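Counting neighbours? That spans all protein chains shown, and the Cβs are built from the backbone with ideal geometry, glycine included. Derivation of every value follows stated rules applied to the coordinates shown; laboratory data play no part.
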Amino acid sequence: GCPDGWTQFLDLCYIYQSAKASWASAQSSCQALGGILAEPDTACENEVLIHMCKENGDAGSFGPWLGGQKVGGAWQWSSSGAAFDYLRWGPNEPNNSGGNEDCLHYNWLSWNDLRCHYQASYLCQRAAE
Ligand SMILES: CC(=O)N[C@@H]1[C@@H](O)[C@H](O[C@@H]2O[C@H](CO)[C@@H](O[C@@H]3O[C@H](CO[C@H]4O[C@H](CO)[C@@H](O)[C@H](O)[C@@H]4O[C@@H]4O[C@H](CO)[C@@H](O)[C@H](O)[C@H]4NC(C)=O)[C@@H](O)[C@H](O[C@H]4O[C@H](CO)[C@@H](O)[C@H](O)[C@@H]4O[C@@H]4O[C@H](CO)[C@@H](O)[C@H](O)[C@H]4NC(C)=O)[C@@H]3O)[C@H](O)[C@H]2NC(C)=O)[C@@H](CO)O[C@H]1O
Ligand SMILES: [Ca+2]
């Protein structure tokens with residue numbers, strides 16, 4: 001079971017929220033919905049979020065926040081501290097442009113590193129009931 005207006009995949013529920021929110025603000029928003037920024041650590045979870053991005057007309061540059069973060073030099077999922085294993089970086093990413101690209105988001109439907117105060121839409125996940 002997933003809540004109404006959310007998209008189901010295996011044991012997860014996702015939702016796209018149109019916003020102009022920093023990564024931190026987006027996290028706070030997902031937490032109020034009982035969830036977290038989406039952490040697509042499998043190829044198929046990414047395909048589902050990508051489909052949602054296309055559905056919401058957010059398939060180009062400065063696509064939505066995801067829950068990956070760069071702590072020091074290490075790319076990891078926020079909720080778990082897990083180092084990225086499966087990767088979905090876009091071509092020539094990550095590139096750390098301007099030196100402060102410490103948050104994960106979709107850029108042209110691929111992962112990119114972006115400055116965390118950039119204002120974007122966001123994707124949340126929660127456990128299915
Ligand atoms: C109001 C006003 O006038 N404001 C302007 C303000 O717009 C402007 O900011 C610049 O805006 C432009 C236009 O949106 C930006 O250009 C696009 O950037 C996106 C975002 O990704 C880049 O930027 C972020 C940082 O913000 C960074 O995290 C990413 O890594 C990426 O940086 C770039 O990485 C490249 C490798 O990935 C490097 O080689 C670059 O040097 C590096 N850029 C920087 C700034 O360091 C980006 O996605 C866009 O790229 C698409 O479009 C171009 C042109 O068509 C293509 O050449 C690209 O290949 C890419 O196209 C897409 O590529 C996909 C695969 O990658 C394909 O799947 C897609 O189909 C294809 N899509 C299309 C439509 O062809 C742009 O490059 C830019 O970042 C802003 N800043 C700068 C400095 O340019 C500022 C700046 O002057 O001025 C204000 O006045
Ligand atoms: Ca980048």
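Things worth noting here:
- Meets criteria (acidic (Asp, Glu), in contact (Cβ under 8 Å) with a residue 12 or more places away in the chain and surrounded by fewer than 18 Cβ atoms within 10 Å (Cβ to Cβ)) for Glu47: no
- A residue that is within 22 Å of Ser29 (Cα to Cα) and within 15 Å of ligand 2 (Cβ to nearest atom) cannot be found anywhere in the stretch 74-82.
- Residue in the stretch 37-47 that is away from ligand 2 (no atom under 14 Å from the Cβ) and more than 23 Å from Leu10 (Cβ to Cβ) present: no
- Taking the stretch 83-129 as the range and being closer than 15 Å to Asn46 by Cβ, within 13 Å of ligand 2 (Cβ to nearest atom), of a type in the set (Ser, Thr, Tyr) and surrounded by fewer than 16 Cβ atoms within 10 Å (Cβ to Cβ) as the test, only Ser110 passes.
- Strands (runs of 3 or more DSSP E) contained entirely in the stretch 56-129, each with at least 1 residues that are over 22 Å from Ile15 (Cα atoms): 65-71, 74-77
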